[PDB]
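Next comes just one chain, in structure tokens: the form deposited in one PDB entry.
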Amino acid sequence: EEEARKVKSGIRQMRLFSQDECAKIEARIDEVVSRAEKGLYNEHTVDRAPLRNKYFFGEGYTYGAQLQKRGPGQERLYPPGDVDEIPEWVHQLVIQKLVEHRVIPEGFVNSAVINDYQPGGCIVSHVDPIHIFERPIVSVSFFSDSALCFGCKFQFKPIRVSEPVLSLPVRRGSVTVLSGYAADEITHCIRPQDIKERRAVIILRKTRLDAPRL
């Protein structure tokens, strides 16, 4: 109710990438999945889950079960130079478009993470670690349409999700920017019922200078 308007103030969203531009980027995402299957990336570049894969370029992070002590501020960057560099196509096809459209300043993005969701995949509600990433947070969706939900309570065995404070549809080719309240004081997630087809999203962030590393 009153919190939903607080979330809306920190959301920017627009259809930035055309259908032709999405197809070219989605072919590059298929190249990343192929190299990961062939084991051509560094070990910490690929993070696999039952219905979701994360591909860390520039800077990666540990999360969830990878944390020995589960708590705020426990996420860590990987050692310097551990994960693979940002691919050239990410700079030219995605980051350059965002910089030229003034979504984020030039030289802001130093971390590009690709999330590849199989049908029915999800990601549990979370705040992007405040001790790791600066604000704002940019994400570009591909392959299919879906939604981003805020303030959801996850329960498991089996996975049940509560009603979101706000549901934001993320259409294919759209850019989502999170700032202020929507990025710091409320979690965001993806519910399994929002992934009907394969969906990939490229999240582009800047890590803090004092971000702790492994």
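From 1 onward, residues are counted along the sequence shown. The term rigid core refers to the maximal set of C-alpha atoms that superpose within 1.5 Å between the two forms. Shifts are known only where both forms have a C-alpha.
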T45 not built in a third or more of the other entries: no
Unmodelled in at least a third of other entries of this protein, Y63: yes
Residue stretch of maximal mean CA temperature factor, 171-179 vs 151-159: 151-159
Given 68-76 and 93-101, the range whose Cα B-factors average higher in the PDB entry: 68-76
Chain-wide C-alpha B factor ranking for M14, given as lowest, middle or highest third: highest
Within-chain third of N115 by Cα B-factor, per the entry: middle
Among modelled residues of the same chain, the CA temperature factor third for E59: lowest
Ranked against its chain, the third holding the CA B-factor of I186: middle
For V201, the third of its chain into which the C-alpha B factor falls: middle
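This protein has a second form, the form deposited in another entry, left out of what is shown; the following refers to that one.
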Moved residue between this form and the one not shown - picked from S167, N42, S162, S34, where its Cα shifts 2 angstroms or more relative to the rigid core: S162
In the other form, shift in Cα separation for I132 relative to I159, 3 Å or more: farther
Closer or farther in the other form: C-alpha pair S125, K157 (3 angstroms or more): closer
Taking the rigid core as reference, consecutive runs of 3 or more residues that move 2 angstroms or more in Cα between this form and the one not shown: 71-73, 153-162
